[PDB]
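The structure appears right after this line, and notes come after that.
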Amino acid sequence: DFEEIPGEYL
Amino acid sequence: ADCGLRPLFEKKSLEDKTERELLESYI
Amino acid sequence: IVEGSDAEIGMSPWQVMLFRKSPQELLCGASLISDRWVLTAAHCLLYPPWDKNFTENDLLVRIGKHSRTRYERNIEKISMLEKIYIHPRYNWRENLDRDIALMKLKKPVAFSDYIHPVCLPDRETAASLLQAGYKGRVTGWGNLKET
Amino acid sequence: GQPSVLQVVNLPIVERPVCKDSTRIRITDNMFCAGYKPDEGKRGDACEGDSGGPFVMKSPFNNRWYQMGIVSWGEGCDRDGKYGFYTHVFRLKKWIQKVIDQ
Ligand SMILES: Cc1cccc(C(=O)c2ccnc(NCc3ccc(C(=N)N)cc3)c2)c1
Ligand code: NA
């Protein structure tokens, strides 16, 4: 259920 | 240190909905 | 939290999320205590009976959060751990005595309306607030129910 | 299940022997418990996922929030005659200091 977080955070 | 003072509450002199429950308990 | 309310915005600005990189998800709570230091329970990092054994590269800390699941853009900051420390006499084998760990962030977090450190007690504040019947406040994104 | 937003609960700290007597697990001085007594009738507890969060108290002398405990352990969530357990932050302050100097 956890929304994808920006890729920049590796 | 500004520790423990919340920008949206203490620093604006607001209280949250329940902090007062805490202060009461120190009867 | 079982039997609580929704927090208000800004209500707990030191509340931190330990967030798993591997399968992306909530590990634990934690708390911001300076611009570079986050505090948590040692058992979130190391608990052998449960294979819980996390390093720097397994973890993100998410600071400034209200929503459990969403990426709160413009509001949250995501940091990376430089150094994790677990109490040397942490008793995971028996009773979780000294269940404490310090997490050092790579780059300082900038404070804001939603991100701000809690104070740590001096002997005197402990002395007068830590008594039976005085109320305290707990906050988290953990289960609402047992199961 | 899980909640969609951060949850909060105020809870009273409980006397040491009531803490000890609610469990078979050996309680130490770097722990306190908190929760409502079964009679009291107000419920509330920490639970799985809440581990590592802050147990905080607002100082009435300086209006500042203090973290007294770290959400640690409990035997199930929100059962009567049972209590949530917290890491006594102040008992472990020397170590915290030690780790911060470097
Ligand atoms: C053998 C033993 C010793 C101490 C605690 C327990 C637990 O059941 C336990 C073990 C590890 N982690 C836990 N954390 C999640 C949690 C659960 C309940 C509460 C609470 N009920 N206040 C807070 C956090 C629990 C078992
Ligand atoms: Na209980």
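These values consider heavy atoms only, across backbone and side chains, with no hydrogens, waters or symmetry-generated copies. So that the names make sense, note that chain A is the first sequence line, chain B the second, and so on, each numbered from 1.
Between the C:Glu8 side chain and the B:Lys17 main chain, a donor and an acceptor come within less than 3.5 Å of each other. No donor-acceptor distance shorter than 3.5 angstrom exists from the side chain of D:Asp50 to the backbone of C:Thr139, with no hydrogens or angles considered. A donor-acceptor contact shorter than 3.5 Å is absent between the side chain of B:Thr18 and the backbone of B:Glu21. At least one donor-acceptor pair under 3.5 Å links the side chain of D:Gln2 to the backbone N or O of C:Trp141.
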Residues D:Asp45, D:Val9; criterion side-chain contact (heavy atoms from CB on, under 4.5 Å); working and verdict: CA-CA 7 Å; D:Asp45 189 16; D:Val9 79; over 6 Å; no

side-chain hydrogen bond (donor to acceptor under 3.5 Å, both in side chains) assessment of D:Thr28 paired with D:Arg91: CA-CA 11 Å; D:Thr28 79; D:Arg91 294 265 315 188; over 6 Å; no

Candidate pair C:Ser31 and D:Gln67, rule side-chain hydrogen bond (donor to acceptor under 3.5 Å, both in side chains), full reasoning: CA-CA 9 Å; C:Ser31 70; D:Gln67 170 171 191; 2.7 Å; yes

Criterion salt bridge (charged side-chain N to carboxylate O under 4.0 Å, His left out) on D:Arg64 and B:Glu10, from CA distance to verdict: CA-CA 8 Å; D:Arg64 287 200 191 239; B:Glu10 284 82 17; over 6 Å; no

Chi angles and distances behind the side-chain hydrogen bond (donor to acceptor under 3.5 Å, both in side chains) call for D:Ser72, C:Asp99: CA-CA 7 Å; D:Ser72 172; C:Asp99 192 14; 3.0 Å; yes

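Classification of D:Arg43 and D:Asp78 as a salt-bridged pair holds, one side-chain N sitting under 4.0 Å from a carboxylate O. With respect to D:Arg79 and C:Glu146, a salt bridge is recorded, a charged nitrogen being found less than 4.0 Å from a carboxylate O. A salt bridge between C:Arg89 and C:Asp97 is absent, with no side-chain N of the basic residue lying under 4.0 Å from a carboxylate O of the acidic one. Classification of D:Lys93 and C:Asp122 as a salt-bridged pair fails, no side-chain N sitting under 4.0 Å from a carboxylate O. Note on C:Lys106 versus C:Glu82: no salt bridge recorded, every NZ/NE/NH1/NH2 to OD/OE distance being 4.0 Å or above. For B:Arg6 and B:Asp16, the salt-bridge test passes: some basic side-chain N is under 4.0 Å from an acidic carboxylate O. Taking the charged nitrogens against the carboxylate oxygens, D:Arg16 and D:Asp29 do have a contact shorter than 4.0 Å, which makes a salt bridge. Using a 4.0 Å cut-off between charged side-chain N and carboxylate O, D:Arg24 and D:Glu75 make no salt bridge.
The hydrophobic clustering, which links ILVMFWY residues whose side-chain heavy atoms are closer than 4.5 Å, places C:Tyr114 and B:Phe9 together. There is no path of hydrophobic side-chain contacts, each under 4.5 Å, that joins B:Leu22 to C:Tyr134. Both D:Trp73 and C:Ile86 belong to a single network of hydrophobic side chains, linked directly or stepwise wherever heavy atoms of I, L, V, M, F, W or Y lie under 4.5 Å apart.
Taking the centre of each ring, D:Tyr83 and D:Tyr36 stay at or above the 6.0 Å mark. Note: D:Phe32 and D:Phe55 meet the aromatic proximity criterion, with ring centroids under 6.0 Å apart. Ring centroids of C:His116 and C:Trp14 are separated by 6.0 Å or more, keeping the two rings apart.
A 6.0 Å sphere centred on NZ of C:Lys145 holds no more than 12 heavy atoms belonging to other residues, nucleotides or ligands. In the displayed structure, A:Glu4 atom CD is contacted under 6.0 Å by at most 12 heavy atoms of other residues, nucleotides or ligands. Within a 6.0 Å sphere centred on NZ of C:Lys52, other residues, nucleotides and ligands contribute more than 12 heavy atoms.
Taking the six-membered ring where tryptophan is involved, the planes of D:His88 and D:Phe90 are tilted, since the angle between them lies from 30° to 60°. Taking the six-membered ring where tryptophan is involved, the planes of C:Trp92 and C:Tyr47 are perpendicular, since the angle between them exceeds 60° and thus also 30°.
In this structure, C:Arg98 is not positioned above the aromatic face of C:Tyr90 in the sense of NZ or CZ being under 6.0 Å from the six-membered ring centre and within 45° of the axis.
For the residue pair D:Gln7 / C:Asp6, a side-chain donor-acceptor distance below 3.5 Å is found, with atom types taken as modelled. A donor atom on one side chain and an acceptor atom on the other are not found under 3.5 Å apart for A:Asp1 and C:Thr69. C:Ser22 and C:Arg20 share a donor-acceptor pair across their side chains, judged by distance under 3.5 Å alone.
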